[PDB]
Structures are given as structure tokens and as C-alpha cells.
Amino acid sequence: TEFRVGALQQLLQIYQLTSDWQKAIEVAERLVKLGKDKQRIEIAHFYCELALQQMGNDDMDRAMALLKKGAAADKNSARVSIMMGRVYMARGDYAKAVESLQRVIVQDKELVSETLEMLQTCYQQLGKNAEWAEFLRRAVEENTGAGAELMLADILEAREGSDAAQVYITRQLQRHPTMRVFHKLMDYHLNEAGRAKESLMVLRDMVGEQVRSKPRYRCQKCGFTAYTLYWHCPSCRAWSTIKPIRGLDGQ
């Protein structure tokens, strides 16, 4: 309908700036039927933002209703799976929280790293700590990143000591080299007491400065970078474009 699509697109952008998510859905729904299948992705995020402000009213069940509408809009949205997970955890339904959250593996494998702080407090309190270490082991070799590698490395330093963990990360750091796991060299720093002990911790600190100063996430549209995760990019105003930085300088 020519100029009418332009007016909707503007209205759609302005309604997100004014954090008017319900109005943003109305405009986005019209664009979906006008041929803009890409706004399907953004409608699910709008239900996620609506649900977020329903959680601030404690109406956790109305929030869960918004998330199911969001899942209806985007089956592949990993954000709805994470938020439905937080709900099932709030209710103590730790089994259903693992059934979602693990949906992220099929939805966006670059975001499985985000479901690991939860799913840990889910396997714990479900009584399945051994099944958890198997999940991490199957996640590290599936290449989830330095996050899963170090969560697994912690479990072993407590089950089998500081010596069997040093030999573990050495093998994994070959298979998947990353500067963060190399920093875990403290394992060598637990020994060695001469002139080189005073030569090795200076090398570690150099690595340590880079581990904390280097950003953790980058937008795939523009170059935006941050230490935490954003669903909406504060530079190009896109959705689902910020993923963890994969590489030596990252995870």
C-alpha cells in the first residue's frame, strides 16, 4: 500500500523508543501480514518486555501468559525459553525449567552459554549433580565456550583435586584455545615457589588485565560491544543481534 508501509515502520520504531510495547505489537502485526516476516522476531521480544513489567507487579502468571504469546510469535526465540525458565524456577518447578532453557540448544546454540548459571541451580535442588557434570562434559566438547569449560573445571577441582584439573584444561585448551582458560594457569602457579616464580606471575597478570578489560559480547550488525548481554542493541536498535564473542580474545 506504498507510503502506508513507511508510516507503519516509523510508528513501529517510535513506539519502541517510547517503551510502548503493546502499541508496538499492533503495528508489527500489521507489517507481518503486509509481507514483513522479519517483525515476527520482534513481536516475541515485545511480549518479553511486557512480561518483564508484569513481573514487577508480581503477576507472574500474567507474565507467563505473555511469554506463551511470544513463543507463539517466534518458535525459535531463545529469550522466551530463558524467561519461561526463570518462571518455572520461581515456582519451584525445576523439571520444567530444564525442559525449556535446554530448548535454547535447538534455538540458538550461540546462547547456550547464557543458560548455564541457571540449569546449574536447577540440576542442584533436583538432586542431579552427576547428570549436571555429564551435561557440561557434553557441552564443552560441543564447544559452548570458556564459560562451560571453567564451570566444568570447578567441579573437578572439588571432586578430584587441583592436580587432575590442571591436566584437564591443558587438553581442552588445545582442542579449543581461549585466553580466559589460559589465564587459569594459576594451576601452575600453585607450585614452583626461583627467579622464575617472580617471572611467571607478572606474565599471568598481563593475561589477567586482558581477561577483564576485553568485552564479552558484540553486535553482528554494527560493532557494538559490552561486557553483558543485550537483546536490543543500544546502537542500531536491532533485536537478537548481540551474541557472545567467540575466539581467542573471547569465549
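All residue numbers are counted from 1 along the displayed sequence.
Student: I'd like the number of residues from the deposited sequence that lie between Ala193 and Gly194 yet are not in the model, binned as none, 1 to 3, 4 to 9, or 10 or more.
Tutor: 1 to 3 residues lack coordinates between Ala193 and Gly194.
Student: In the PDB record, does 79-87 or 158-166 carry the higher mean Cα temperature factor?
Tutor: Looking at the record's C-alpha B-factors, the answer is 158-166.
Student: Please compare 210-218 with 194-202 and say which has the higher mean C-alpha temperature factor in the record.
Tutor: Mean C-alpha B-factor is greater for 194-202.
Student: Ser100: which third of its chain by C-alpha temperature factor?
Tutor: Ranked within chain, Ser100 CA B lands in the middle tercile.
Student: Classify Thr18 as lowest, middle or highest third according to the C-alpha B-factor given in the PDB entry, relative to its own chain.
Tutor: For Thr18, the deposited C-alpha B-factor lands in the highest third.
Student: According to the PDB entry, is the CA B factor of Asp74 in the bottom, middle or top third of its chain, that is, lowest, middle or highest?
Tutor: For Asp74, the deposited C-alpha B-factor lands in the middle third.
Student: Sorting by Cα B-factor within the chain, modelled residues only, which third would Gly147 end up in: lowest, middle or highest?
Tutor: Ranked within chain, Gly147 CA B lands in the lowest tercile.
Student: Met55's Cα B-factor: lowest, middle or highest third of the chain?
Tutor: Ranked within chain, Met55 CA B lands in the highest tercile.
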